[PDB]
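Engineer: For reference, the structure I am asking about is given below.
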Amino acid sequence: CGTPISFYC
Amino acid sequence: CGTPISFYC
Amino acid sequence: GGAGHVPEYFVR
Amino acid sequence: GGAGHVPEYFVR
């Protein structure tokens, strides 16, 4: 498990 | 904006 | 439950 | 820390 998660709108 | 953001693992 | 490779909170 | 399509919480 190594996914980058939350973002910027 | 509108994607999965919190995931399982 | 976290930040994984399968979803948890997908859409609304 | 929000929605979007560019990364804000990368792998840490």
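We name chains A, B, ... following the order of the structure tokens; residues begin at 1 in each chain, and ligands are numbered from 1 as shown.
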Within 6 Å of chain D, which residues of chain A show up when using only C-alpha atoms, listed as a list in words?

Structural biologist: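 Interface list for chain A against chain D: residues 4, 5, 6, 7, 8 and 9 of chain A.
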
Engineer: Write out, as a PDB file, in the first residue's frame, the residues just selected, with N, CA, C and O atoms.

Structural biologist:
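Writing done, so here's out.pdb:
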```pdb
ATOM      1  N   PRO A   4      -0.481   7.789  -3.167  1.00  0.00           N
ATOM      2  CA  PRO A   4      -0.670   9.132  -2.657  1.00  0.00           C
ATOM      3  C   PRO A   4      -2.163   9.420  -2.622  1.00  0.00           C
ATOM      4  O   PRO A   4      -2.845   9.026  -3.566  1.00  0.00           O
ATOM      5  N   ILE A   5      -2.686  10.088  -1.591  1.00  0.00           N
ATOM      6  CA  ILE A   5      -4.101  10.086  -1.273  1.00  0.00           C
ATOM      7  C   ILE A   5      -4.836  11.394  -1.531  1.00  0.00           C
ATOM      8  O   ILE A   5      -5.190  11.625  -2.686  1.00  0.00           O
ATOM      9  N   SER A   6      -5.027  12.311  -0.580  1.00  0.00           N
ATOM     10  CA  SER A   6      -5.854  13.490  -0.739  1.00  0.00           C
ATOM     11  C   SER A   6      -5.221  14.515  -1.670  1.00  0.00           C
ATOM     12  O   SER A   6      -4.009  14.473  -1.874  1.00  0.00           O
ATOM     13  N   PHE A   7      -6.032  15.429  -2.203  1.00  0.00           N
ATOM     14  CA  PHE A   7      -5.663  16.289  -3.310  1.00  0.00           C
ATOM     15  C   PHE A   7      -5.822  17.765  -2.974  1.00  0.00           C
ATOM     16  O   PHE A   7      -6.199  18.121  -1.860  1.00  0.00           O
ATOM     17  N   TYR A   8      -5.475  18.628  -3.932  1.00  0.00           N
ATOM     18  CA  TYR A   8      -5.931  20.003  -3.975  1.00  0.00           C
ATOM     19  C   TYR A   8      -6.955  20.161  -5.089  1.00  0.00           C
ATOM     20  O   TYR A   8      -6.683  19.814  -6.236  1.00  0.00           O
ATOM     21  N   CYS A   9      -8.087  20.818  -4.829  1.00  0.00           N
ATOM     22  CA  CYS A   9      -9.039  21.277  -5.820  1.00  0.00           C
ATOM     23  C   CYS A   9      -8.502  22.438  -6.645  1.00  0.00           C
ATOM     24  O   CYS A   9      -8.641  22.371  -7.886  1.00  0.00           O
TER      25      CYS A   9
END
```

Engineer: Would you mind aligning chain C to chain D, a least-squares fit over all C-alpha atoms taken in order, and returning the superposed chain as a PDB file with C-alpha atoms, in the first residue's frame?

Structural biologist:
```pdb
ATOM      1  CA  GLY C   1      -6.686  20.098   1.373  1.00  0.00           C
ATOM      2  CA  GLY C   2      -9.429  17.778  -0.042  1.00  0.00           C
ATOM      3  CA  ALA C   3     -10.051  15.327  -2.890  1.00  0.00           C
ATOM      4  CA  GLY C   4      -8.679  16.979  -6.089  1.00  0.00           C
ATOM      5  CA  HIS C   5      -6.867  16.214  -9.334  1.00  0.00           C
ATOM      6  CA  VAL C   6      -3.463  17.277  -7.889  1.00  0.00           C
ATOM      7  CA  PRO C   7      -2.007  15.746  -4.671  1.00  0.00           C
ATOM      8  CA  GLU C   8      -1.965  17.016  -1.062  1.00  0.00           C
ATOM      9  CA  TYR C   9      -0.991  14.011   1.089  1.00  0.00           C
ATOM     10  CA  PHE C  10       1.026  11.825  -1.300  1.00  0.00           C
ATOM     11  CA  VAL C  11       3.206   9.267   0.548  1.00  0.00           C
ATOM     12  CA  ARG C  12       4.768   8.834   4.045  1.00  0.00           C
TER      13      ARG C  12
END
```
